[PDB]
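None of the figures in this text is laboratory data; all of them are computed from the coordinates on show. For neighbour counting, all protein chains shown are included, and Cβ atoms are generated from backbone atoms with ideal geometry for every residue, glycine included.
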Amino acid sequence: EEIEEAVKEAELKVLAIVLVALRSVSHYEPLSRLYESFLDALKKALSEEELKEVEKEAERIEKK
Amino acid sequence: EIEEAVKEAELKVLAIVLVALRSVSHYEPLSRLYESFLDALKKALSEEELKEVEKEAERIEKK
Amino acid sequence: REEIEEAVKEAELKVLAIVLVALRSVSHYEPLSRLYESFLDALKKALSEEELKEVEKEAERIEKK
């Protein structure tokens, strides 16, 4: 069925949680290096639309 | 039907990250990422979800 | 069915590969080194050896781009 879709929602939600956490601390040395590392790894591993979906889910979490 | 098993993937990955962050939360500034992560966990998941990551993290820590 | 087991496992292991790649590439800075080692130890407890092997392949895949 749509297993691919359901698998992807879980990926994107976990990765958005990690993104929120790294973002909060991204100006303490050297966590800024891990922030940019994580973002680089997301860009390589996810499609462009998925990456935008991670970033949107992160902002949703960050306004909560 | 299956978002239940979707959820188990989530909580088990989050539990593995939590375990890694707990074992180094005494090396600064990692304690800030440990707290940021617990703060992101609390925001993003219901309390039942949070406690499942916790118990899964305990089962991992006991291995 | 068995399509959901391969599903959950697959989601789990690519996400862990992404985090692994992120940590690996900054592991010389301290104490990011320590969080890297500690992630590797957590993977060793939580994952089987074939799950760990699959995480590392996905990690090399990502690093290769």
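Considering only DSSP states other than H, G, I, E and B, which chymotrypsin sites (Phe, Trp or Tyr not before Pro) in chain B qualify as loop sites with at most 16 other Cβ atoms within 10 Å?
B:27
Let me know the charge dipole size of the protein assembly as shown about its Cα centre in debye, to the nearest 20, where only the beta-carbon of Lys, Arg (+1) and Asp, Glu (-1) is charged.
Numbers: 34 positive and 50 negative charges, 214 e Å.
My answer is approximately 1020 debye.
Once each part is reduced to its C-alpha centroid, what is the distance from chain B to region A:1-39 in angstrom?
After rounding, the separation between the Cα centres reads 13 Å.
Charges only on Cβ, +1 for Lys and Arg, -1 for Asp and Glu: so what's the dipole of region C:2-63 about the Cα centre, in debye to the nearest 20?
Working: 9 positive and 17 negative charges, 89 e Å.
Using Cβ point charges on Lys, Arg, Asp and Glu, region C:2-63 gives about 420 debye.
Could you work out the helix-only [θ] at 222 nm for chain A, with each DSSP H run of four or more residues adding -39,500 (n - 2.57) and the total divided by the number of residues, to the nearest 500 deg cm²/dmol?
Details: 3 runs with 53 residues, N = 64.
Result for chain A: -28000 deg cm²/dmol, rounded to the nearest 500.
Below 10 angstrom from the Cβ of residue B:25, what's the summed charge of the other residues (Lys, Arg +1; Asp, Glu -1)?
Summing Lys/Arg as +1 and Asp/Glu as -1 gives 0.
Hey, which of these cross-link pairs are over 25 Å Cα-Cα: A:63/C:57; A:8/C:65; B:7/B:63; B:51/C:9; A:13/C:45; A:13/C:44?
A:63/C:57, as the Cα separations exceed 25 Å there.
How far, in nm, would the chain grow between residue C:28 and residue C:2 when pulled straight, counting 0.36 nm per residue and subtracting the alpha carbon separation?
Gain on stretching residue C:28 to residue C:2: 5.3 nm.
Could you run the Debye sum over the Cα atoms of the protein assembly as shown, one equal point scatterer each and no solvent, and tell me log10 of I(q)/I(0) at q = 0.14, 0.19 Å⁻¹, two decimals?
-0.73, -1.50
What is the local net charge at residue A:1, summed over the other residues whose Cβ is closer than 12 Å to its Cβ (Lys, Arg +1; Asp, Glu -1)?
After counting each charged neighbour, the total is -4.
Determine Rg/Rh for chain B; Rg is computed over alpha-carbon atoms and Rh is the Kirkwood hydrodynamic estimate from the same atoms.
Reported Rg/Rh (Cα atoms, Kirkwood Rh): 1.01.
Can you tally the net charge around residue A:59? Count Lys and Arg as +1, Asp and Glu as -1, for every other residue whose Cβ sits under 14 Å from the Cβ of residue A:59.
Once positives and negatives cancel, what remains is +4.
May I ask you to derive the relative contact order of region B:3-61, considering only C-alpha pairs under 8 Å and at least 6 residues apart, and to give it as an integer percent? All intermediate terms of the calculation are to be shown ahead of the outcome.
Numbers: 32 pairs, mean separation 27.6, N = 59.
Across region B:3-61, relative contact order equals 47 percent.
Choose one of A:3, A:14, A:28: the residue whose Cα lies farthest towards the positive end of the charge dipole of chain A (beta-carbon charges +1 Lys, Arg; -1 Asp, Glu; about the Cα centre).
Sorting the options by dipole projection puts first A:28.
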